[PDB]
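# A closer look at the structure
Here is how the chains run, residue by residue.
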Amino acid sequence: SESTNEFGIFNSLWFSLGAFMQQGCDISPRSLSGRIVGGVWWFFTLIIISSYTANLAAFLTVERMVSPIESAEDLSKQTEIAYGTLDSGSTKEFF
Amino acid sequence: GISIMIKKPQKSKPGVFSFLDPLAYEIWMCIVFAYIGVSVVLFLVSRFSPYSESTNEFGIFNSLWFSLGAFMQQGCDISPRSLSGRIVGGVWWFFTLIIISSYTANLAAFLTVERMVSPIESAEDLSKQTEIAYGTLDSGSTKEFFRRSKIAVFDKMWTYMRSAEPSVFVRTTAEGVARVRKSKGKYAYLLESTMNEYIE
Amino acid sequence: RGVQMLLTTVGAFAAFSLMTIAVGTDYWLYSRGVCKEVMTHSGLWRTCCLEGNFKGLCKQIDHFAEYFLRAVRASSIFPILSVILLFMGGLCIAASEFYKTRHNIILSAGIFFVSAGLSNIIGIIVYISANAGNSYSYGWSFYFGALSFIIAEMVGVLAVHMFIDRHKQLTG
Amino acid sequence: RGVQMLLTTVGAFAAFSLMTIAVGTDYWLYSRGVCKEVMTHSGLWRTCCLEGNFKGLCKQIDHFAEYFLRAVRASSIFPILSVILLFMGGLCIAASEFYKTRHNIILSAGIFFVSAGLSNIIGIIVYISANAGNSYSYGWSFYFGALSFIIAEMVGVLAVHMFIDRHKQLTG
Amino acid sequence: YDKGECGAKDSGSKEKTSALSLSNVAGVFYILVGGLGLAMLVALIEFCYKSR
Amino acid sequence: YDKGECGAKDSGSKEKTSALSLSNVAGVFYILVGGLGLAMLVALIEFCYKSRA
Ligand SMILES: N[C@@H](CCC(=O)O)C(=O)O
Ligand SMILES: N[C@@H](CCC(=O)O)C(=O)O
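Residues numbered from 1 in each chain as written, not as in the entry; some residues may be left out. Chains lettered and ligands numbered in written order. Part of a larger assembly, values for the part shown. Heavy atoms only, no water. Residues with missing side-chain atoms left out of burial classes, pairs and counts.

Structure determination for this entry, per the PDB record, employed cryo-EM and reached 4.48 Å resolution.

This is the structure:
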């Protein structure tokens, strides 16, 4: 008698994907454990999406370039930015 | 060199459910009752006789299942047949439409205010900020220097140091540090950088 | 199957009792306050002071365009309505012990219970909208009222399930 | 036909091997540290040093409301239970060479496989949260865990499908 | 001018937001419950029309 | 130099950048998992009913 419903594994992946996007899902669990499972995933997506849109909105409102380095320690860890004193200037002898 | 010293800003550890923080406890509670009521009314009106109750699928449990998915804006498998039921549907739809938008807007605002915090930086604007207080050691050379130097920003610093009471002055490094440690956020201190570099 | 009468007869009296107790007790709110500040407890009608030398001193509540809204809170008539309607609902099934075979005496019980619940909901919303205008928190009456509403709903629903069954079986 | 028994048992075996290796290897995280700063690699139990004179040195990890959550990471119970339940499922389905006709083996092992997989989602979430309580990147054990989970999510569907078909054929 | 004080004129310290109160949305609930109350009435009047 | 004994600072990668941490939404995932955890028992009681009809 098994498989009294459309919910093969393939169709289950399809349904759950359409449920994630807020997209048209025709079939229905019609049954308690399935309906229970359906609910929470909806709430999960609702929060996720709302968070994303909010944060991007904040991101576009204020910008900050961030300086790449600040310290002599960074200058000891140097990637590629070369550096040097003035020549003939006594700081060179000091170094 | 002389240096300014401040308390660490306390680290903003998240709360386990802080995602709820936009919406306040009472609203989260009161949504539940409305969901119940809507489901119950949908049930009752669906199964009152059409003039015979076998004529529609809208039993109590199906009525509870419709409303949850409708609240999520997930659509549904079935739709109420009578005009009376359609009224209920439209009402619940508008209700959710307001809530979800309000939630998103508030959360965005909450993050937005943060970014532009702009915390004290270089602290020379302690000549311009006034909500945050700063101390200096008694008899130390600084206590002459701010009287004895006369550069405009340091003029207004010395005016502050003159005028502010309970005074900016302190007898010892130990209790000045204690004053910063207890007077977290609101208080600051002036000291020799070599001492800060030892302490911190 | 038949027995549902024994169950549905139960809950309405309990919900009524809880609702009247909730209306009838001076413990809706914990707050700062006064009884002519110190930590204080209040109900809908009156205020009594604790946490101090005056402990046990009391006074009646401060009763005092949108102006006309104040009357609804000041009466709190919605709670009273919900209580009275719940009484009427229970009296429906008490009546339907006699005058049998009419059936339609049963029908209104659920309607009364639903409407009483809707009233309770409005009452809560009004009360919060008034009071929220300080580390406050709710007294037990609030939860008793909520629970009363929940039972009134469930009992109404299953009573309607009985009214669905008992008349239908005559109709084939 | 049939050999899906071999495929499903192989899948369970492989996931079990990967999971036990993952629990048993010092390859969860690369980070800076000292086995009391240098590049350092983490087991879930112990902190071990590379890239220096102490290369190959190890020390026991520093384990020290969320007050009670601390024990959740410290016990790492959910990782262990995932292995235990995958072991239960595998060793049960391994018995299906005898004690036949009841088929309880397949259903119970299916539920074991699914719950075993679910457990590691919690384990991962817990660990990734706790470590925030920079410069990081994940070691191979993290991916051996992910792969084990992926295979666990695969194998149970095929086993349930075999149970269904081998039971359903009584309809014809 | 030496007796000036209130740099709060310039918002010298920054407020922080708090959650919306129920009062800021209360309107929608009245609308909802009123709608449901109306929604019941149709069924009774329909049944009385269908009473013959 | 022996006496200095603190030094954890944002390096290699930095917290301050912008993105939401996993911790900032974590609880929802617990809610999800618990939800799925519940639905097993409903089917198990459905068997325990039907298995002796
Ligand atoms: N002012 C320096 C020259 C600049 C330098 O030393 O870099 C001197 O007196 O020698
Ligand atoms: N020891 C420093 C104290 C500096 C100060 O606190 O003003 C001095 O020689 O004056």
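## Regarding the overall build of chain F
Formally: Secondary structure elements follow DSSP: runs of H or I of four or more residues count as helices, runs of E of two or more count as strands, with numbering from the N terminus. C-alpha atoms define the radius of gyration in this analysis, and the globule rule sets the expected value at 2.2 Å times the number of residues to the power 0.38. Only protein chains enter the area calculation, which uses a 1.4 Å probe; residues under 20% of their type maximum are buried, those over 50% are exposed, and those in between are partly exposed. Under the convention used here, a 1.4 Å probe and the Shrake-Rupley method define accessible areas, while residue burial counts only the protein chains that appear. We score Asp and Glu as negative and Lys and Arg as positive, and we do not count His or the chain ends. By convention, the charge on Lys lies at NZ, on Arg at CZ, on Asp at CG and on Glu at CD.
For chain F, the count of helices and strands is one helix and zero strands. Scaling as 2.2 N^0.38, a compact globule of 53 residues should have a C-alpha radius of gyration of about 10 Å, whereas chain F reaches 24 Å, well beyond that. Expressed along its principal axes, the backbone C-alpha trace of chain F runs to roughly 80 × 30 × 15 Å. Looking at chain F as a whole, 17% of its 53 residues qualify as buried. Here chain F displays about 4,400 Å² of accessible surface, and carbon together with sulfur accounts for 62% of that area. For chain F, the distance from the average site of its 6 positive side-chain charges to the average site of its 5 negative ones is 8 Å.

## A few points about the overall build of chain B
From N to C terminus, chain B includes seven helices and four strands. Starting at the N terminus, the α and β elements of chain B follow one another as β-α-α-α-β-α-α-β-α-β-α. Taken against the 2.2 N^0.38 rule, which gives 16 Å for 200 residues, the C-alpha radius of gyration of chain B at 32 Å runs more than 25% over that of a compact globule. Projecting the C-alpha coordinates of chain B onto the three principal axes gives extents of approximately 100 × 30 × 25 Å. Residue burial in chain B is summarised as follows: out of 200 residues, 40% are buried.

## Some remarks on the site of ligand 1
The cut-off we apply is this: Near, as used in this document, describes a residue that has one of its heavy atoms within 4 Å of the molecule or strand being considered. Here a polar contact means two N or O atoms within 3.5 Å. Within protein one must be a hydrogen donor candidate and the other an acceptor candidate, and residues neighboring in sequence count only if both atoms are side-chain atoms.
Residues in close proximity to ligand 1 include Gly-89, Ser-90 and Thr-91 of chain A, which together make up its full environment. Here an oxygen atom of ligand 1 and a backbone polar atom of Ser-90 of chain A are 2.7 Å apart.

## Overview of the sheet that holds strand β4 (residues 58-60) of chain D
Residue and element names in this part refer to chain D. Convention followed: In this scheme, strands are said to pair when DSSP sees at least two bridges between them.
Reading across the sheet, the five strands line up as β4-β3-β2-β1-β5 and stay open at both edges, with antiparallel pairing between neighbours. The two strands at the open ends of the sheet, each matched to only one other strand, are β4 and β5 (137-138). Pairing geometry for strand β1 (residues 29-33) and β5, over two bridges, is antiparallel. Its bridge partner being in β5, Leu-29 is matched across the sheet by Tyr-138.

## Topic: the site of ligand 2
Residue and element names in this part refer to chain B. Applicable threshold: Under the scheme applied, nonpolar residues are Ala, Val, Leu, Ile, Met, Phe, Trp, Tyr, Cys and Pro; charged residues are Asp, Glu, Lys and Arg; polar residues are all the others, including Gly.
Taken together, the residues surrounding ligand 2 are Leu-137, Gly-140, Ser-141, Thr-142 and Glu-192. Residue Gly-140 places a main-chain N or O atom 3.4 Å away from an oxygen atom belonging to ligand 2. Notes on ligand 2: free accessible area 300 Å², of which the protein chains cover 57%. Taken together, the residues of the shell around ligand 2 break down into one nonpolar, three polar and one charged.

## Considering the interface of chain B and chain F
Rule in force here: Residues count as neighbours in contact if any of their non-hydrogen atoms are within 4.5 Å of one another. We define buried area as the total accessible area lost by two parts upon association, computed with a 1.4 Å probe and summed across both. Salt bridges are defined by distance alone: a side-chain nitrogen of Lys or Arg within 4 Å of a carboxyl oxygen of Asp or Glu.
Of the residues lining the interface, seven residues belong to chain B; the matching set on chain F comes to eight residues. Counting each side, the surface lost to burial between chain B and chain F is near 580 Å², with a carbon and sulfur contribution of 62%. Interface area lost by chain B to chain F is led by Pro-14, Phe-19 and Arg-115 of chain B, which between them contribute 53%. Linking chain B with chain F are zero salt bridges. Residues belonging to the side of chain B that touches chain F are distributed by class as follows: six nonpolar, no polar and one charged.

## A word on the packing of helix α4 (residues 77-95) of chain C against helix α5 (residues 104-131) of chain C
Two quantities define a packed helix pair, namely the angle between the helix axes and the distance between the axes. Residues and elements named next belong to chain C. Cut-off, in case you're wondering: Axes here mean lines fitted to C-alpha atoms, for a helix over just the part in contact, with angles spanning 0 to 180 degrees between N-to-C directions. These descriptions rest on fixed angle ranges, namely under 35 degrees for roughly parallel, over 145 for roughly antiparallel, 65 to 115 for roughly perpendicular, and the rest for oblique. Take the far helix as the reference: if the near one is turned anticlockwise from it by less than a right angle, the crossing is left-handed, and if turned clockwise, right-handed.
Packing of α4 against α5 leaves a shortest axis separation of 8 Å and a crossing angle of 165 degrees. Judged by the angle between their axes, α4 and α5 are roughly antiparallel. You can see that α4 and α5 cross each other, and the crossing is left-handed. Where α4 abuts α5, its residues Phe-78, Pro-79, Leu-81, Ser-82, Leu-85, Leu-86, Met-88, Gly-89, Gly-90, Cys-92, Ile-93 and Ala-95 lie against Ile-105, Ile-106, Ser-108, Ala-109, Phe-112, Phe-113, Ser-115, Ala-116, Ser-119, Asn-120, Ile-122 and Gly-123. The residue makeup of the contact of α4 with α5, split by class, is 16 nonpolar, eight polar and no charged.

## What to know about the UniProt feature "intramembrane region" in chain B
So the rule is basically this: UniProt positions are given in the numbering used here, feature names are shortened, and annotations may be inferred rather than shown by experiment.
Taken from the UniProt record, the annotation "intramembrane region" applies to residues 58-73 and 74-76 of chain B. Note that residues 58-73 of chain B is 75% helix and 0% strand, and that its end C-alpha atoms are spaced 19 Å apart.

## Observations regarding the environment of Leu-44 of chain D
Residues and elements named next belong to chain D. Relative to the assigned elements, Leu-44 resides in the loop between β2 (38-42) and β3 (46-49). We classify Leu-44 as buried; its relative accessible area is 8%. Residues within four places of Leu-44 in sequence aside, it is in contact with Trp-28, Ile-61, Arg-73 and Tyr-127.

## Brief notes about a nonpolar patch on the surface
In plain terms, the rule: The patch calculation keeps residues exceeding 30% relative accessible area without a salt bridge and links them within 9 Å when they carry like charges or within 5 Å when they are nonpolar (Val, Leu, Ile, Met, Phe, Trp, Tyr).
A contiguous nonpolar patch, built from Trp-45, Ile-77, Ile-80, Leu-81, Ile-84, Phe-87, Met-88 and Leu-91 of chain C and spanning about 700 Å² of accessible area, is present on the exposed surface. Looking at the element boundaries, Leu-81 of chain C is found in helix α4.

## Some details on empty space enclosed by the protein
Stated precisely, the cut-off is as follows: Method remark: on a 1 Å grid restricted to protein atoms, a set of points is classed as a cavity if a 1.4 Å probe fits but cannot get out and as a pocket if it is open with protein on both sides within 12 Å along at least five of seven lines; lining residues have an atom within 4 Å of a point. Grid points are joined across faces, edges and corners, and a volume is the space filled by probe spheres set on the points.
Approximately 240 Å³ is the volume attributed to the largest cavity. In terms of lining, the largest cavity is formed by 19 residues, of which the most central are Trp-28, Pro-79, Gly-123, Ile-124 and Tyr-127 of chain D. Counting residues per element, the ones that place at least two in the lining of the largest cavity are α2 (66-75), α3 (77-94), α4 (104-130) and α5 (140-168) of chain D. The biggest single contributor to the lining of the largest cavity is α4 of chain D, with seven residues. The class makeup of the residues in the lining of the largest cavity is 14 nonpolar, four polar and one charged. Of the volumes computed, that of the second largest cavity is approximately 200 Å³. In terms of lining residues, the second largest cavity is bounded by 18 residues, among which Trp-28, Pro-79, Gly-123, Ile-124 and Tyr-127 of chain C are the most central. Among the elements that take part in the lining of the second largest cavity, α5 of chain C stands out by supplying six residues, more than any other. Partitioning the lining of the second largest cavity into residue classes produces twelve nonpolar, five polar and one charged.

## Things to note about unusual backbone geometry
A cis amide bond links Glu-165 of chain B to the next residue, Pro-166 of chain B, at an omega of -10 degrees. Along the chain, the position of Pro-166 of chain B falls in the loop between α5 (152-163) and β3 (169-170). Although it is not a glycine, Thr-101 of chain D adopts a positive phi angle of roughly 75 degrees. The topology assignment puts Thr-101 of chain D in the loop between α3 and α4.

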